[PDB]
file model08.txt (compact mmCIF, C-alpha atoms and all ligand atoms)
# COMPACT_ATOMS: atom_id res chain seq x y z
CA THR A 1 126.55 87.86 88.56
CA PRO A 2 124.43 85.14 90.19
CA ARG A 3 120.82 85.55 89.06
CA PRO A 4 117.91 83.42 87.78
CA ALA A 5 117.63 82.41 84.13
CA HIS A 6 114.68 84.63 83.15
CA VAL A 7 116.64 87.83 83.98
CA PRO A 8 119.30 89.06 81.50
CA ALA A 9 122.73 90.51 82.31
CA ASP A 10 122.19 94.09 81.07
CA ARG A 11 119.27 94.39 83.53
CA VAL A 12 121.39 93.85 86.66
CA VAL A 13 122.47 96.72 88.93
CA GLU A 14 123.85 96.59 92.48
CA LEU A 15 121.35 98.77 94.35
CA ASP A 16 120.39 98.44 98.02
CA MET A 17 116.93 99.95 98.47
CA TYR A 18 117.80 100.89 102.07
CA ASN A 19 121.15 102.46 101.14
CA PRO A 20 121.45 103.41 97.44
CA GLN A 21 124.59 104.83 95.89
CA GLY A 22 124.72 108.61 95.98
CA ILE A 23 122.12 108.85 98.75
CA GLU A 24 124.24 111.57 100.38
CA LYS A 25 123.75 113.68 97.23
CA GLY A 26 119.96 113.44 97.49
CA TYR A 27 117.23 110.82 97.79
CA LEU A 28 115.64 112.11 94.58
CA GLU A 29 118.92 112.44 92.67
CA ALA A 30 120.09 108.98 93.75
CA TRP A 31 117.02 107.11 92.47
CA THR A 32 116.82 109.14 89.25
CA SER A 33 120.30 107.83 88.38
CA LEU A 34 118.65 104.71 86.95
CA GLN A 35 116.81 106.99 84.48
CA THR A 36 119.71 109.14 83.24
CA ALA A 37 121.53 105.94 82.27
CA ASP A 38 120.48 103.66 79.41
CA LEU A 39 118.61 101.01 81.32
CA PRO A 40 115.35 99.31 80.25
CA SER A 41 112.11 100.21 82.03
CA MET A 42 112.57 97.13 84.25
CA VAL A 43 115.77 96.23 86.12
CA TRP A 44 116.82 93.59 88.64
CA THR A 45 119.12 93.68 91.67
CA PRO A 46 120.79 90.88 93.67
CA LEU A 47 120.58 92.74 97.00
CA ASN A 48 117.93 92.08 99.66
CA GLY A 49 117.33 88.54 98.43
CA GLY A 50 116.95 89.64 94.82
CA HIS A 51 114.03 91.66 93.47
CA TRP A 52 112.95 93.59 90.39
CA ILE A 53 112.86 97.40 90.23
CA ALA A 54 110.51 99.38 87.99
CA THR A 55 112.30 102.47 86.66
CA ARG A 56 110.18 104.09 83.94
CA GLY A 57 107.19 106.17 85.02
CA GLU A 58 104.46 104.78 82.76
CA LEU A 59 105.44 101.24 83.81
CA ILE A 60 104.91 101.99 87.51
CA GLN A 61 101.35 103.17 86.85
CA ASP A 62 100.73 99.96 84.89
CA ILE A 63 101.88 97.73 87.76
CA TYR A 64 99.86 99.54 90.45
CA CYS A 65 96.64 99.26 88.43
CA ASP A 66 97.32 95.52 87.85
CA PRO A 67 96.69 93.68 91.14
CA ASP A 68 95.88 90.38 89.39
CA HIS A 69 99.50 89.73 88.37
CA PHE A 70 101.10 91.90 91.09
CA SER A 71 99.71 90.82 94.46
CA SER A 72 99.76 92.95 97.61
CA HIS A 73 100.22 89.94 99.92
CA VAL A 74 103.89 90.95 100.30
CA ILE A 75 104.64 94.69 100.23
CA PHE A 76 107.99 94.81 102.07
CA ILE A 77 111.50 93.81 101.01
CA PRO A 78 113.10 91.28 101.70
CA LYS A 79 110.54 88.64 100.73
CA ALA A 80 109.80 87.16 104.18
CA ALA A 81 110.09 90.46 106.08
CA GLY A 82 106.44 91.22 106.83
CA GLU A 83 105.03 87.75 107.50
CA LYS A 84 102.42 86.60 110.05
CA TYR A 85 102.08 90.15 111.42
CA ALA A 86 100.28 91.74 108.47
CA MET A 87 98.82 95.23 108.09
CA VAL A 88 95.30 95.76 106.77
CA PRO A 89 94.23 96.58 104.07
CA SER A 90 97.71 97.20 102.64
CA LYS A 91 98.47 93.46 102.41
CA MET A 92 95.06 92.56 100.95
CA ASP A 93 93.91 92.03 97.37
CA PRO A 94 90.46 92.39 95.81
CA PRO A 95 87.72 91.36 96.31
CA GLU A 96 88.98 91.04 99.91
CA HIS A 97 90.43 94.57 99.78
CA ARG A 98 87.07 96.20 99.01
CA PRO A 99 85.23 95.82 102.37
CA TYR A 100 88.25 96.70 104.52
CA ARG A 101 89.00 99.89 102.59
CA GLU A 102 85.44 101.04 103.32
CA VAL A 103 86.35 101.01 107.01
CA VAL A 104 89.43 103.20 106.58
CA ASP A 105 87.53 105.50 104.20
CA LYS A 106 84.76 105.94 106.78
CA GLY A 107 86.86 108.42 108.75
CA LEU A 108 89.53 109.36 106.22
CA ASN A 109 87.41 110.49 103.27
CA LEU A 110 87.34 114.09 102.08
CA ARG A 111 84.32 115.15 104.15
CA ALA A 112 85.75 113.83 107.43
CA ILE A 113 89.07 115.60 106.81
CA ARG A 114 87.24 118.76 105.72
CA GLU A 115 85.24 118.99 108.97
CA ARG A 116 88.60 119.24 110.79
CA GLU A 117 90.10 121.89 108.48
CA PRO A 118 89.79 124.87 110.90
CA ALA A 119 91.31 122.71 113.65
CA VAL A 120 94.21 121.46 111.52
CA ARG A 121 95.31 124.93 110.42
CA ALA A 122 95.03 126.03 114.06
CA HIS A 123 97.98 123.76 114.85
CA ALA A 124 100.08 125.28 112.06
CA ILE A 125 99.23 128.79 113.26
CA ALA A 126 100.02 128.10 116.92
CA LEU A 127 103.24 126.29 115.97
CA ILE A 128 104.66 128.89 113.56
CA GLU A 129 104.04 131.98 115.71
CA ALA A 130 106.08 130.36 118.50
CA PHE A 131 109.26 131.05 116.50
CA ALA A 132 108.22 133.58 113.82
CA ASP A 133 109.56 136.37 116.05
CA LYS A 134 113.01 134.83 116.61
CA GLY A 135 113.83 135.03 112.89
CA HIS A 136 115.12 131.44 112.72
CA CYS A 137 114.06 127.92 113.62
CA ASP A 138 114.99 124.25 113.39
CA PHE A 139 112.13 123.39 111.06
CA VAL A 140 112.51 119.64 111.64
CA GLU A 141 112.22 119.92 115.44
CA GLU A 142 109.83 122.90 115.60
CA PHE A 143 107.22 122.13 112.93
CA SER A 144 107.61 119.18 110.55
CA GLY A 145 108.37 116.90 113.49
CA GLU A 146 105.47 118.35 115.46
CA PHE A 147 102.68 119.66 113.22
CA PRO A 148 101.67 116.39 111.48
CA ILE A 149 101.97 114.37 114.70
CA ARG A 150 99.83 116.77 116.76
CA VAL A 151 97.17 116.67 114.03
CA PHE A 152 96.84 112.88 113.98
CA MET A 153 96.89 112.58 117.78
CA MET A 154 94.01 115.05 117.99
CA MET A 155 92.09 112.72 115.68
CA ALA A 156 93.10 109.58 117.61
CA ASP A 157 94.65 108.99 121.02
CA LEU A 158 96.12 111.92 122.97
CA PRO A 159 99.05 110.28 124.82
CA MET A 160 100.99 113.60 124.89
CA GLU A 161 104.77 112.86 124.89
CA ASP A 162 104.67 109.06 125.04
CA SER A 163 103.69 108.33 121.44
CA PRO A 164 106.40 110.54 119.85
CA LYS A 165 108.90 108.44 121.80
CA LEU A 166 107.16 105.37 120.31
CA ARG A 167 106.89 106.86 116.80
CA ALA A 168 110.22 105.12 116.12
CA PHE A 169 108.07 102.01 115.61
CA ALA A 170 107.43 103.32 112.10
CA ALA A 171 111.19 103.80 111.70
CA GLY A 172 111.60 100.09 112.44
CA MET A 173 109.26 99.09 109.61
CA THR A 174 110.84 101.32 106.94
CA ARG A 175 114.52 101.22 108.00
CA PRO A 176 115.43 98.03 109.91
CA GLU A 177 118.93 96.65 110.46
CA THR A 178 121.42 90.11 105.46
CA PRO A 179 117.73 89.46 104.74
CA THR A 180 117.46 87.17 107.78
CA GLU A 181 118.16 89.97 110.27
CA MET A 182 115.97 92.42 108.34
CA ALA A 183 112.95 90.17 108.95
CA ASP A 184 113.79 89.42 112.59
CA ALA A 185 114.31 93.13 113.27
CA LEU A 186 111.03 93.94 111.51
CA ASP A 187 109.38 91.06 113.40
CA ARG A 188 110.04 92.60 116.81
CA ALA A 189 109.46 96.07 115.34
CA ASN A 190 105.96 94.91 114.35
CA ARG A 191 104.91 92.94 117.45
CA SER A 192 106.21 95.48 119.99
CA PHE A 193 103.59 97.97 118.76
CA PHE A 194 101.07 95.28 117.85
CA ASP A 195 100.87 94.72 121.61
CA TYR A 196 100.65 98.48 122.21
CA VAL A 197 97.52 98.88 120.07
CA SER A 198 95.85 95.84 121.67
CA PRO A 199 94.74 97.67 124.86
CA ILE A 200 93.25 100.46 122.70
CA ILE A 201 90.93 98.36 120.54
CA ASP A 202 89.22 96.72 123.53
CA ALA A 203 88.76 99.85 125.68
CA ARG A 204 87.23 101.71 122.71
CA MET A 205 84.93 98.93 121.40
CA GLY A 206 81.80 100.56 122.82
CA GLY A 207 81.37 103.98 121.24
CA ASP A 208 82.27 107.67 121.35
CA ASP A 209 87.36 109.31 117.54
CA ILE A 210 89.03 108.20 114.32
CA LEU A 211 90.22 104.76 115.39
CA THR A 212 86.99 104.03 117.27
CA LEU A 213 85.00 104.69 114.09
CA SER A 214 87.13 102.00 112.41
CA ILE A 215 87.02 99.39 115.19
CA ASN A 216 83.24 99.61 115.50
CA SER A 217 82.80 99.32 111.73
CA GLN A 218 81.42 95.99 110.52
CA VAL A 219 82.34 93.86 107.50
CA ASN A 220 79.62 91.67 105.93
CA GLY A 221 77.44 91.79 109.02
CA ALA A 222 80.23 91.01 111.51
CA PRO A 223 83.18 92.89 113.07
CA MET A 224 86.79 92.49 111.99
CA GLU A 225 89.13 89.75 113.19
CA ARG A 226 91.57 90.62 115.96
CA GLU A 227 94.49 90.02 113.58
CA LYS A 228 92.81 92.08 110.85
CA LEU A 229 91.49 94.72 113.27
CA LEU A 230 94.81 95.30 115.05
CA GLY A 231 96.57 95.52 111.69
CA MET A 232 94.27 98.28 110.45
CA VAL A 233 94.62 100.56 113.48
CA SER A 234 98.37 99.90 113.39
CA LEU A 235 98.60 100.97 109.73
CA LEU A 236 96.87 104.29 110.46
CA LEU A 237 99.53 105.16 113.04
CA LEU A 238 102.33 104.19 110.64
CA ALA A 239 101.55 106.29 107.57
CA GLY A 240 99.84 109.02 109.59
CA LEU A 241 103.01 109.79 111.58
CA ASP A 242 105.98 109.03 109.30
CA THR A 243 105.07 109.57 105.63
CA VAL A 244 104.13 113.24 106.17
CA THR A 245 106.77 114.49 108.60
CA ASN A 246 109.39 113.60 105.97
CA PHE A 247 107.58 115.34 103.10
CA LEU A 248 107.54 118.72 104.86
CA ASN A 249 111.32 118.60 105.32
CA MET A 250 112.27 118.15 101.66
CA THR A 251 109.67 120.68 100.44
CA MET A 252 110.43 123.66 102.68
CA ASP A 253 114.14 123.09 102.06
CA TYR A 254 113.49 123.28 98.31
CA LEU A 255 111.43 126.45 98.73
CA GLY A 256 114.22 127.90 100.88
CA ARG A 257 116.66 127.57 97.96
CA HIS A 258 114.17 128.95 95.39
CA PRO A 259 113.28 132.55 96.28
CA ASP A 260 111.33 133.00 93.03
CA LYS A 261 109.05 129.99 93.51
CA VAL A 262 107.96 131.26 96.93
CA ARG A 263 107.39 134.70 95.40
CA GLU A 264 105.06 133.06 92.87
CA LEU A 265 102.78 131.90 95.70
CA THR A 266 102.91 135.18 97.66
CA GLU A 267 101.69 137.11 94.60
CA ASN A 268 98.86 134.66 93.81
CA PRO A 269 97.81 133.00 97.10
CA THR A 270 95.11 130.95 95.34
CA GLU A 271 97.81 129.05 93.43
CA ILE A 272 98.65 127.18 96.67
CA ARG A 273 95.44 125.14 96.73
CA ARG A 274 95.32 124.92 92.93
CA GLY A 275 98.94 123.75 92.83
CA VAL A 276 99.20 121.47 95.85
CA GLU A 277 99.69 118.21 93.94
CA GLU A 278 102.56 119.79 92.00
CA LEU A 279 104.60 119.44 95.20
CA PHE A 280 103.56 115.79 95.47
CA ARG A 281 104.74 115.15 91.91
CA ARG A 282 108.10 116.82 92.55
CA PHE A 283 108.72 115.26 95.99
CA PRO A 284 107.66 111.61 96.30
CA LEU A 285 109.17 109.58 99.12
CA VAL A 286 107.41 106.18 99.29
CA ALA A 287 108.88 103.07 97.64
CA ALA A 288 106.31 100.29 98.02
CA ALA A 289 106.83 96.79 96.65
CA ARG A 290 104.63 94.08 95.16
CA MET A 291 104.81 90.30 94.83
CA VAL A 292 104.14 88.88 91.38
CA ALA A 293 101.12 86.56 91.45
CA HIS A 294 101.11 84.77 88.08
CA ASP A 295 103.82 84.41 85.46
CA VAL A 296 103.65 87.64 83.45
CA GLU A 297 105.86 89.24 80.80
CA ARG A 298 106.34 93.00 81.22
CA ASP A 299 108.92 95.09 79.34
CA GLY A 300 110.25 92.19 77.30
CA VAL A 301 111.12 90.04 80.33
CA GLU A 302 109.12 87.27 82.01
CA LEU A 303 108.46 87.59 85.75
CA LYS A 304 108.17 84.25 87.54
CA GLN A 305 105.73 83.78 90.41
CA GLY A 306 107.21 84.36 93.86
CA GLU A 307 109.55 87.24 93.00
CA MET A 308 109.42 90.78 94.39
CA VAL A 309 109.10 93.92 92.28
CA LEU A 310 109.98 97.29 93.81
CA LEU A 311 107.98 100.36 92.78
CA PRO A 312 110.04 103.45 93.65
CA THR A 313 107.41 106.16 93.22
CA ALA A 314 110.21 108.74 92.93
CA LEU A 315 110.78 107.58 89.33
CA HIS A 316 107.25 108.54 88.20
CA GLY A 317 106.95 112.26 88.93
CA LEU A 318 110.64 112.83 88.17
CA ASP A 319 110.43 110.91 84.87
CA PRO A 320 111.32 113.12 81.87
CA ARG A 321 109.38 110.76 79.58
CA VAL A 322 106.07 111.97 81.06
CA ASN A 323 106.76 115.42 82.58
CA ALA A 324 108.76 117.90 80.51
CA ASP A 325 111.61 119.24 82.67
CA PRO A 326 110.70 117.22 85.79
CA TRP A 327 113.12 119.12 88.03
CA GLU A 328 111.43 122.51 87.65
CA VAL A 329 108.19 123.08 89.58
CA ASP A 330 105.48 124.39 87.23
CA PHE A 331 102.47 125.37 89.34
CA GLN A 332 100.52 126.08 86.13
CA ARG A 333 101.25 122.69 84.54
CA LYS A 334 98.10 121.16 83.09
CA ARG A 335 98.61 117.40 83.55
CA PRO A 336 101.11 116.58 86.34
CA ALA A 337 100.90 112.79 86.22
CA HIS A 338 102.45 111.33 89.37
CA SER A 339 102.27 108.28 91.63
CA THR A 340 103.25 109.82 94.98
CA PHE A 341 100.03 108.57 96.60
CA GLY A 342 100.27 105.27 94.72
CA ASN A 343 97.68 104.13 92.22
CA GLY A 344 95.06 101.46 91.68
CA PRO A 345 93.03 100.02 94.55
CA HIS A 346 95.78 100.79 97.09
CA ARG A 347 95.43 104.55 96.79
CA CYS A 348 96.60 106.70 99.70
CA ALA A 349 93.45 106.77 101.82
CA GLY A 350 94.87 109.82 103.60
CA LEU A 351 95.76 111.84 100.51
CA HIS A 352 93.08 114.41 101.34
CA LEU A 353 94.60 114.84 104.79
CA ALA A 354 98.00 115.19 103.12
CA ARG A 355 96.58 117.72 100.66
CA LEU A 356 94.94 119.64 103.51
CA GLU A 357 97.96 119.58 105.84
CA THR A 358 100.27 120.94 103.13
CA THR A 359 97.84 123.68 102.08
CA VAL A 360 97.29 124.92 105.64
CA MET A 361 101.08 124.95 106.06
CA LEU A 362 101.95 127.09 103.03
CA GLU A 363 98.93 129.34 103.56
CA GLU A 364 99.93 130.14 107.16
CA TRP A 365 103.72 130.05 106.75
CA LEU A 366 103.77 132.58 103.88
CA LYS A 367 101.15 134.88 105.42
CA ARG A 368 103.60 135.49 108.30
CA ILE A 369 107.01 134.59 106.83
CA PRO A 370 106.87 135.63 103.13
CA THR A 371 110.64 135.61 102.60
CA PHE A 372 112.78 132.87 104.14
CA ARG A 373 116.07 131.13 103.43
CA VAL A 374 117.88 127.94 104.34
CA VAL A 375 120.83 128.34 106.71
CA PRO A 376 123.94 128.60 104.48
CA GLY A 377 126.45 125.78 104.53
CA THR A 378 123.86 123.30 105.82
CA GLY A 379 121.88 120.49 104.26
CA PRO A 380 119.80 117.42 105.06
CA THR A 381 120.98 113.86 105.65
CA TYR A 382 119.07 111.45 103.42
CA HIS A 383 118.21 107.87 104.40
CA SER A 384 116.23 105.71 101.98
CA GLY A 385 114.04 102.64 102.48
CA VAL A 386 110.36 101.84 102.16
CA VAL A 387 109.64 105.41 103.29
CA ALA A 388 112.31 108.09 102.92
CA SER A 389 113.29 109.56 106.29
CA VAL A 390 115.60 112.58 105.61
CA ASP A 391 116.61 114.92 108.42
CA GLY A 392 118.34 118.25 108.87
CA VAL A 393 116.46 121.35 107.72
CA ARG A 394 117.31 124.77 109.18
CA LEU A 395 115.66 127.97 107.95
CA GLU A 396 116.41 131.67 108.36
CA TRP A 397 114.50 134.86 107.61
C1 LIG B 401 101.31 112.42 103.77
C2 LIG B 401 101.80 111.81 102.69
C3 LIG B 401 101.51 110.32 102.36
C4 LIG B 401 102.04 109.68 101.31
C5 LIG B 401 103.01 110.29 100.28
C6 LIG B 401 101.55 108.32 101.32
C7 LIG B 401 101.87 107.34 100.40
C8 LIG B 401 101.21 106.14 100.23
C9 LIG B 401 101.45 105.17 99.18
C10 LIG B 401 102.49 105.30 98.05
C11 LIG B 401 100.61 104.15 99.36
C12 LIG B 401 100.53 102.90 98.47
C13 LIG B 401 100.99 101.67 99.25
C14 LIG B 401 100.98 100.48 98.33
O1 LIG B 401 100.73 100.66 97.11
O2 LIG B 401 101.23 99.34 98.82
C15 LIG B 401 99.80 104.43 100.54
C16 LIG B 401 98.81 103.63 101.06
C17 LIG B 401 98.01 103.92 102.15
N1 LIG B 401 98.09 105.06 102.93
FE1 LIG B 401 99.42 106.61 102.66
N2 LIG B 401 100.71 108.17 102.40
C18 LIG B 401 100.66 109.39 103.07
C19 LIG B 401 99.92 109.63 104.20
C20 LIG B 401 98.92 108.84 104.72
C21 LIG B 401 98.06 109.18 105.83
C22 LIG B 401 98.12 110.49 106.65
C23 LIG B 401 97.23 108.16 106.05
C24 LIG B 401 96.17 108.16 107.16
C25 LIG B 401 95.81 107.02 107.75
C26 LIG B 401 97.51 107.13 105.06
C27 LIG B 401 96.87 105.91 104.90
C28 LIG B 401 97.12 104.97 103.92
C29 LIG B 401 96.42 103.71 103.74
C30 LIG B 401 95.26 103.19 104.61
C31 LIG B 401 96.95 103.09 102.69
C32 LIG B 401 96.52 101.72 102.14
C33 LIG B 401 95.36 101.88 101.16
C34 LIG B 401 94.89 100.52 100.73
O3 LIG B 401 95.45 99.51 101.23
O4 LIG B 401 93.95 100.44 99.90
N3 LIG B 401 98.55 107.58 104.27
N4 LIG B 401 100.20 105.66 101.04

call {"tool": "encode", "arguments": {"input": "model08.txt", "output": "structure tokens"}}
result
Amino acid sequence: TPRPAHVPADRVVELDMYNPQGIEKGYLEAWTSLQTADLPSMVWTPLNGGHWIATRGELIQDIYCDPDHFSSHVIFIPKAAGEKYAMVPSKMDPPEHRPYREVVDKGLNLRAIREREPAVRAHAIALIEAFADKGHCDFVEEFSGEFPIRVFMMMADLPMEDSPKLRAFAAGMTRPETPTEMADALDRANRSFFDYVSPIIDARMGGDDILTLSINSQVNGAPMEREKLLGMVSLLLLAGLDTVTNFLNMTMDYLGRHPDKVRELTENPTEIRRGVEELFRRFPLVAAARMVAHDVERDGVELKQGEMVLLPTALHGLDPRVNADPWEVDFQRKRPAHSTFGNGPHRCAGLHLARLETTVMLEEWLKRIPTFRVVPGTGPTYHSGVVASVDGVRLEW
């Protein structure tokens, strides 16, 4: 197989990150296939312009916490997919990353998410009781595709029905359509909503929100640049609307096929909050990438500057080398080491909102629907990429 000289032959697998083999059997089961086999902790693929793939769990944590040799200047695959139009501070490296994260953390820290807790759970309550009487529901189109969106719009703009039609912008950045066309499709997918957020940063540059608190924030005694200010507000809409609607689908479907696990939470309701990150360990969906900065040797192979390394976070929480029996959900597990929210300086700034949205879901779904099941003979349709999409969850009770 055509490949550079510094990569061996036993470390080569044909794997498209946007369409892996066995994706129809499960996004989690498809990516864990590289662990059940006998492959080193680091593997390489010729698809999408060629890039490395970290497979072992403890190696993914080591790459995230090493920004000196793994730069964030390129986070998407293929290599030249997210150029010119860059998101902030996802595509930044320290010490440049430090001041711009303080802007996103100004409104997304724990205290700011906690002051909205009674309002967030109000959405879950008003959304569940609209179908709790009918005994069934299309969970993807009556909650998971509504509850997280309505929460973030209440914090930001309230465009009603016109942003959910535009929420496909995030679908264009994590599942575009040859590396040349992937970049050109992501190019227009990035600028079409880069122009949509432009009339929002200027009309809100005075005062009085969650995006306004970020635009009016200063950096070293001066506001942010239009390219670096539009990229920050655009990143908040991306992860805030796409990386959470997909998590609720694959979790409630798992709980619908495990009548004992849901009974464990109904008996002890305090185990929900105390075991929230156990769901994040079992169900990770993000697969971020990094560009190697300097020539480094990790896992017995040398990585040359300019290459891309993929970090599928699904191979950290589901790694049997770190978590004993990674398939079973142990709410009482002591040390559930995961990388669902990433690691290092690029930690999920909205992990507390994710932890709060999932707790107010389970606490209000089980208080009204204790027993529930998935519709028999049905299942989701899994689509991979930078952020796993997945669709098709139907519940009965
Ligand atoms: C709900 C489940 C979510 C998951 C599983 C998730 C996952 C991730 C992951 C894996 C990263 C690391 C990216 C990288 O290393 O390049 C990340 C970064 C980030 N996420 Fe999320 N995300 C979620 C929701 C959110 C929400 C609701 C927000 C709200 C704005 C958000 C804001 C961010 C930001 C700002 C970063 C970049 C942090 C930095 O550059 O230092 N995320 N997320």

call {"tool": "axis_aligned_box", "arguments": {"input": "model08.txt", "around": "ligand LIG 401 (chain B)", "padding_each_side": "8 Å", "output": "lines of an AutoDock Vina configuration file"}}
result
center_x = 98.5
center_y = 105.9
center_z = 102.4
size_x = 25.1
size_y = 29.1
size_z = 26.6

call {"tool": "residues_near_ligand", "arguments": {"input": "model08.txt", "ligand": "ligand LIG 401 (chain B)", "cutoff": "8 Å", "atoms": "all atoms listed in the file", "output": "ChimeraX atom specification"}}
result
/A:64,72,75,88-92,97,101,104,108,152,232,235-245,247,280,284-290,313,339-351,353-355

call {"tool": "closest_atom_pairs", "arguments": {"input": "model08.txt", "of": "region 110-131 of chain A", "to": "region 193-212 of chain A", "cutoff": "12 Å", "atoms": "all atoms listed in the file", "output": "JSON lines"}}
result
{"residue": "A:112", "atom": "CA", "partner": "A:210", "partner_atom": "CA", "distance": 9.5}
{"residue": "A:113", "atom": "CA", "partner": "A:210", "partner_atom": "CA", "distance": 10.5}
{"residue": "A:116", "atom": "CA", "partner": "A:210", "partner_atom": "CA", "distance": 11.6}

call {"tool": "closest_residue", "arguments": {"input": "model08.txt", "among": "A:45, A:220, A:144, A:246", "to": "residue 308 (chain A)", "atoms": "all atoms listed in the file"}}
result
A:45

call {"tool": "atom_distance", "arguments": {"input": "model08.txt", "atom1": "CA of residue 184 (chain A)", "atom2": "CA of residue 312 (chain A)"}}
result
23.9 Å

call {"tool": "closest_residue", "arguments": {"input": "model08.txt", "among": "A:275, A:377, A:320, A:94", "to": "residue 71 (chain A)", "atoms": "only C-alpha atoms"}}
result
A:94

call {"tool": "closest_atom_pairs", "arguments": {"input": "model08.txt", "of": "region 240-259 of chain A", "to": "region 363-367 of chain A", "cutoff": "12 Å", "atoms": "only C-alpha atoms", "output": "Markdown table"}}
result
| residue | atom | partner | partner_atom | distance |
| --- | --- | --- | --- | --- |
| A:252 | CA | A:365 | CA | 10.1 |
| A:255 | CA | A:366 | CA | 11.1 |
| A:256 | CA | A:366 | CA | 11.8 |

call {"tool": "closest_residue", "arguments": {"input": "model08.txt", "among": "A:215, A:137, A:337, A:120", "to": "residue 375 (chain A)", "atoms": "only C-alpha atoms"}}
result
A:137

call {"tool": "residues_around", "arguments": {"input": "model08.txt", "residues": "residue 372 (chain A)", "least_positions_apart": "3", "cutoff": "8 Å", "atoms": "all atoms listed in the file", "output": "JSON, numbers by chain"}}
result
{"A": [256, 259, 369, 395, 396, 397]}

call {"tool": "closest_residue", "arguments": {"input": "model08.txt", "among": "A:265, A:388, A:59, A:54", "to": "residue 171 (chain A)", "atoms": "all atoms listed in the file"}}
result
A:388

call {"tool": "closest_residue", "arguments": {"input": "model08.txt", "among": "A:95, A:176, A:385, A:379", "to": "residue 311 (chain A)", "atoms": "all atoms listed in the file"}}
result
A:385

call {"tool": "closest_residue", "arguments": {"input": "model08.txt", "among": "A:378, A:10, A:368, A:103", "to": "residue 129 (chain A)", "atoms": "all atoms listed in the file"}}
result
A:368

call {"tool": "residues_around", "arguments": {"input": "model08.txt", "residues": "residue 123 (chain A)", "least_positions_apart": "2", "cutoff": "9 Å", "atoms": "only C-alpha atoms", "output": "PyMOL selection string"}}
result
chain A and resi 119-121+125-128+147-148+150-151

call {"tool": "atom_distance", "arguments": {"input": "model08.txt", "atom1": "CA of residue 306 (chain A)", "atom2": "CA of residue 28 (chain A)"}}
result
29.0 Å

call {"tool": "build_atoms", "arguments": {"input": "model08.txt", "residues": "region 99-112 of chain A", "atoms": "N, CA and C atoms", "output": "PDB file, in the frame of the given file"}}
result
ATOM      1  N   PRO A  99      85.948  95.487 101.123  1.00  0.00           N
ATOM      2  CA  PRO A  99      85.230  95.820 102.370  1.00  0.00           C
ATOM      3  C   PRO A  99      86.105  96.479 103.419  1.00  0.00           C
ATOM      4  N   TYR A 100      87.394  96.139 103.483  1.00  0.00           N
ATOM      5  CA  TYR A 100      88.250  96.700 104.520  1.00  0.00           C
ATOM      6  C   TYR A 100      88.690  98.124 104.201  1.00  0.00           C
ATOM      7  N   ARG A 101      88.728  98.500 102.921  1.00  0.00           N
ATOM      8  CA  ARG A 101      89.000  99.890 102.590  1.00  0.00           C
ATOM      9  C   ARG A 101      87.828 100.787 102.972  1.00  0.00           C
ATOM     10  N   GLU A 102      86.601 100.257 102.922  1.00  0.00           N
ATOM     11  CA  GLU A 102      85.440 101.040 103.320  1.00  0.00           C
ATOM     12  C   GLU A 102      85.487 101.429 104.786  1.00  0.00           C
ATOM     13  N   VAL A 103      86.210 100.667 105.605  1.00  0.00           N
ATOM     14  CA  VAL A 103      86.350 101.010 107.010  1.00  0.00           C
ATOM     15  C   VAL A 103      87.318 102.169 107.187  1.00  0.00           C
ATOM     16  N   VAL A 104      88.452 102.125 106.484  1.00  0.00           N
ATOM     17  CA  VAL A 104      89.430 103.200 106.580  1.00  0.00           C
ATOM     18  C   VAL A 104      88.893 104.474 105.926  1.00  0.00           C
ATOM     19  N   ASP A 105      88.120 104.335 104.847  1.00  0.00           N
ATOM     20  CA  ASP A 105      87.530 105.500 104.200  1.00  0.00           C
ATOM     21  C   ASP A 105      86.357 106.086 104.966  1.00  0.00           C
ATOM     22  N   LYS A 106      85.882 105.412 106.016  1.00  0.00           N
ATOM     23  CA  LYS A 106      84.760 105.940 106.780  1.00  0.00           C
ATOM     24  C   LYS A 106      85.144 107.184 107.567  1.00  0.00           C
ATOM     25  N   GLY A 107      86.404 107.284 107.983  1.00  0.00           N
ATOM     26  CA  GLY A 107      86.860 108.420 108.750  1.00  0.00           C
ATOM     27  C   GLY A 107      87.950 109.221 108.070  1.00  0.00           C
ATOM     28  N   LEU A 108      88.428 108.731 106.928  1.00  0.00           N
ATOM     29  CA  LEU A 108      89.530 109.360 106.220  1.00  0.00           C
ATOM     30  C   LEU A 108      89.138 109.875 104.841  1.00  0.00           C
ATOM     31  N   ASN A 109      87.845 109.940 104.540  1.00  0.00           N
ATOM     32  CA  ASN A 109      87.410 110.490 103.270  1.00  0.00           C
ATOM     33  C   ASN A 109      87.589 112.007 103.279  1.00  0.00           C
ATOM     34  N   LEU A 110      87.143 112.651 102.200  1.00  0.00           N
ATOM     35  CA  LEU A 110      87.340 114.090 102.080  1.00  0.00           C
ATOM     36  C   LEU A 110      86.479 114.852 103.084  1.00  0.00           C
ATOM     37  N   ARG A 111      85.231 114.422 103.273  1.00  0.00           N
ATOM     38  CA  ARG A 111      84.320 115.150 104.150  1.00  0.00           C
ATOM     39  C   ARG A 111      84.779 115.089 105.605  1.00  0.00           C
ATOM     40  N   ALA A 112      85.294 113.939 106.045  1.00  0.00           N
ATOM     41  CA  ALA A 112      85.750 113.830 107.430  1.00  0.00           C
ATOM     42  C   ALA A 112      87.011 114.649 107.673  1.00  0.00           C
TER      43      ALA A 112
END
